[PDB]
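> Part one of the assembly, not moved from where it sits:
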Amino acid sequence: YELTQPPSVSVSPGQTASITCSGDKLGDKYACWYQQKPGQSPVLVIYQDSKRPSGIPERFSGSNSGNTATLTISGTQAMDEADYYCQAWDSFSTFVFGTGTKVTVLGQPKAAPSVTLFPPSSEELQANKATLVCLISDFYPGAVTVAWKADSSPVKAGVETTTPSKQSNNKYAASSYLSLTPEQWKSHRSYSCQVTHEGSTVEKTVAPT
């Protein structure tokens, strides 16, 4: 039993967002909607087609006719950027959820990343391992380039880098780790982490001291 929703929808702050769920029949049934933000559990926003529990703002509305159920967000604010799921049933298979819809708010000016470079901890070096930690935070959009340097030569091996994840700031965060042997770390004069965002690049550098 398929409850289909558009996978993505974008609205500027103030615009009305319209998310629909489609499936047989379904007007003979009550539809309900759930909001879910990253790292959170779903939150009931609309139940029984149009009813809305206390606490949920007036701007959220719901309708249901024939093959279509519809969630409407009038005067969309930035805080309403989340995933939305329609839920109904078909007691031949009981409770079913929609495919989900990601609502985007747009705006959000470009933000330059903050870079912080941590050298291997002494207690880790004593454990015969080394790990350089490059932390990148508060940037938009989430598309960066991390390049390491041994003295002044690019490093190829030992580099692991996260895929940029949106924080609660609606800005992105990433982190790159460089794995080295202690004597490698003690060999070169300096190591560098270089983060390129759009056209601007930052380059932090650490050394054995």
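Structure's in. What do you need? Residues are numbered from 1 along each chain as shown, chains lettered A, B, ... in the order given.
> switch to C-alpha atoms for all contacts and neighbour counts from now on
Will do.
> What's opposite the most centrally placed residue in chain A in the beta bridge?
Chain A has residue A:166 as the residue nearest its centroid, 3.6 Å off, counting by Cα atoms, centre = their mean. Under DSSP bridges, the beta-bridge partners of residue A:166 are residue A:172.
> so how far is residue A:151 from the residue sitting furthest away from the middle of chain A?
Using Cα atoms, centre = their mean, the residue of chain A lying farthest from its centre is residue A:187. It sits 38.7 Å away. Distance of residue A:187 to residue A:151, computed by Cα to Cα, to the nearest Å: 10 Å.
> my read: residue A:174 touches residue A:137, true?
Yes. Taking Cα atoms under 8 Å as the definition, residue A:174 is a contact partner of residue A:137 at 6.4 Å.
> In contact with residue A:156, which residues are there?
With contact taken as Cα atoms under 8 Å, 6 or more residues apart in numbering, residue A:156 is in contact with residue A:148.
> For it, pull up the helix or strand it's in.
According to DSSP states H and E, residue A:156 maps onto no helix or strand at all.
> quick one, domains of chain A?
Using curated CATH domains, the domains assigned to chain A come out as A:1-107, A:108-209.
> Tell me how far the last one lies from the chain's centre.
In this case it means domain A:108-209. A distance of 20 Å separates the centroid of the chain from that of domain A:108-209, by Cα atoms, centre = their mean, to the nearest Å.
> can you give me the helices in chain A?
Using DSSP state H, the helices of chain A run over A:122-125, A:182-187.
> Identify, out of these, the most deeply packed stretch.
Mean neighbour count (mean count of other Cα atoms under 10 Å) peaks for helix A:182-187 among those, with a mean of 14.
> Now do that helix: everything it contacts.
A:125, A:128-130, A:208.
> Please indicate which of those has the highest neighbour count?
Taking other Cα atoms under 10 Å as the neighbour criterion, residue A:130 ranks highest of the contacts of helix A:182-187 with 22 neighbours.
> add chain B to what we have:
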Amino acid sequence: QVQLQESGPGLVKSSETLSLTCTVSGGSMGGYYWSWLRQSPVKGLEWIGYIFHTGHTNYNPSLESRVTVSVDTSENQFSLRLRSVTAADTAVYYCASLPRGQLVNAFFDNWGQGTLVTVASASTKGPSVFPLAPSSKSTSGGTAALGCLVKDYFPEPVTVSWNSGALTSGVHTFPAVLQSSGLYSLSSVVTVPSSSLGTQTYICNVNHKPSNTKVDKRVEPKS
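Placing chain B onto the earlier chains gives this:
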């Protein structure tokens, strides 16, 4: 006034039975149906099955024959037993509530936090925490960054707090890397006024429930 919370996250070996337990506080086991759901990519958001308080159960046709939902009214709990799991059963499991009465106008109000149940042939490994020390002195005065590195653990997740949750502003925990070894590793970093170094004690609290291991590392400046 009802609040739900499922048992701690963990790893389940392939073909082993997954067992979860949701605890209800703020009411009695009556006046609600008690449901189990799960969420993941691929599977999307699906409903596993609910139980009454009488013992009456109802399962998802695709999942039943593998599902056993039980109820303990004596201790305000209800349990889920997913018999014979595989890697396709890896998801975040939620426990939720349904309003009593008719089931045609029923919905999922009141959800728990949800717990990450990972299914793999591997074994659980505790993390190794290392202090990412700040500088010693320079700023006159403003902002030094200190943190801790959670190294080589499995499976997800790892929670990180600071000073037992007393330090919240300036705190930033990063998502983990899935390393080549298949092990995870993350870093947490706080930005604090550098004048605080030497008078204020900074401790990162790293909790990894899948291995039942809590590690408090105290981060202090270099030389």
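> same question on the contacts of residue A:156, but with chain B included?
Residues counted as contacts of residue A:156 (Cα atoms under 8 Å, 6 or more residues apart in numbering or on different chains) are residue A:148.
> how near is it to residue B:30?
61 Å.
> Hmm, residue B:115 is touching residue B:92, no?
Yes. Residue B:115 lies in contact with residue B:92 (Cα under 8 Å); the separation is 5.2 Å.
> Who are the contact partners of residue B:1?
Listed by Cα under 8 Å, 6+ apart, the contact set of residue B:1 reads B:26-27.
> Recalculate using a threshold of 10 Å.
Contact analysis of residue B:1 by Cα atoms under 10 Å, 6 or more residues apart in numbering or on different chains lists B:25-27, B:110.
> And residue A:73, by the same measure?
Residue A:73 makes contacts with A:11, A:14-19, A:57-62, A:80, as judged by Cα under 10 Å, 6+ apart.
> Just the ones of those in strands?
Within these, residues falling in strands by DSSP state E are A:17-19, A:60-62.
> What are the buried residues along stretch B:193-205?
Buried positions in stretch B:193-205, judged by neighbour count with 16 or more other Cα atoms under 10 Å in any protein chain shown: B:194-195, B:197, B:202-205.
> same check, this time on stretch B:180-191
By neighbour count with 16+ other Cα under 10 Å, stretch B:180-191 contains the buried residues B:183-191.
> Please go through these and note which also touch chain A.
Checking these against chain A by Cα under 10 Å from any Cα of the partner chain, the ones in range are B:185-189.
> For those, could you give me a markdown table that also reports secondary structure?
Below are these laid out as a markdown table (DSSP: H, G, I helix; E, B strand; the rest coil):
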| residue | secondary structure |
| --- | --- |
| B:185 | strand |
| B:186 | strand |
| B:187 | strand |
| B:188 | strand |
| B:189 | strand |
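> Any chance of those in CSV with distance to residue B:177 as columns?
As requested, these are exported to CSV (distance: Cα to Cα, whole Å):
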residue, distance to residue B:177
B:185, 5
B:186, 6
B:187, 10
B:188, 13
B:189, 16
